[PDB]
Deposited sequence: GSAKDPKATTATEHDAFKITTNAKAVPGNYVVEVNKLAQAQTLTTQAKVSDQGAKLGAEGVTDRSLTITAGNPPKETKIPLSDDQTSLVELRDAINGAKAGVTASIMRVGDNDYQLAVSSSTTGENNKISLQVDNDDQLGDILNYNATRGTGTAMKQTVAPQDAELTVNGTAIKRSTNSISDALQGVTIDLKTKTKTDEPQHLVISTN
């Protein structure tokens, strides 16, 4: 109900009480600049040495991709980011008529799986995309990274994914949701 449990030969049969207290999440960043046509080119005109650098993962990998002027519309930025296989995925939310936002989400959950973004050679587009440790309508975190916290027979376990299989001998716990406050889920193997 709050998780699924698959079992191997190495599992020791007994009574278990499980608390799921947090689920692993993936950081998400989202643009805040008002964009009213997703096809509209947001970047400066004529730049030939523009690039976007994404830092993502654990351990972190940096990916630098070039961007032509044609590629600075939300639709083409998304397509570019997704093409990069850079450890994040990008998608466009249509808040309403003539109101669009680009969302960049880590591909991997975890408290320590944060994203950064840095545009080089285009301050205008940077003021829409750039994201790092400090902030001032700039790119904004809208989902916080976090690990899964769950307790197995009173013992607290923290992991970066929701598929916990490196904890209990011969058991995988695929986390689906939290368990109620004063109510661990009593299970029996």
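Gaps without C-alpha coordinates occur at 1-14, 151-152, 206-208, with positions taken along the deposited sequence from 1.
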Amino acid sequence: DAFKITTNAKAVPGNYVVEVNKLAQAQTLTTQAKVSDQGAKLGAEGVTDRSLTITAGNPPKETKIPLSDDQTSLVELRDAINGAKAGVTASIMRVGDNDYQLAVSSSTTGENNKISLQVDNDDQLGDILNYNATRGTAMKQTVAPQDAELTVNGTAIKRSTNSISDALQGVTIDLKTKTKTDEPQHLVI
From here on, numbers count along this sequence of modelled residues.
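As recorded in the PDB entry, 115-123 is the stretch of 102-110 and 115-123 with the greater mean C-alpha temperature factor. Note on 74-82 vs 93-101: mean CA B-factor is higher in 93-101. Compared with the other modelled residues of the chain, the Cα B-factor recorded for residue 165 ranks in the highest third. Sort the chain's modelled residues by C-alpha temperature factor and residue 44 lands in the highest third, per the entry.
Looking at the C-alpha B-factors along this chain, the one for residue 132 belongs to the middle third. Sort the modelled residues of the chain by CA B factor and residue 146 lands in the middle third. Among the modelled residues of its chain, residue 36 has a C-alpha B-factor that falls in the highest third according to the deposited record.
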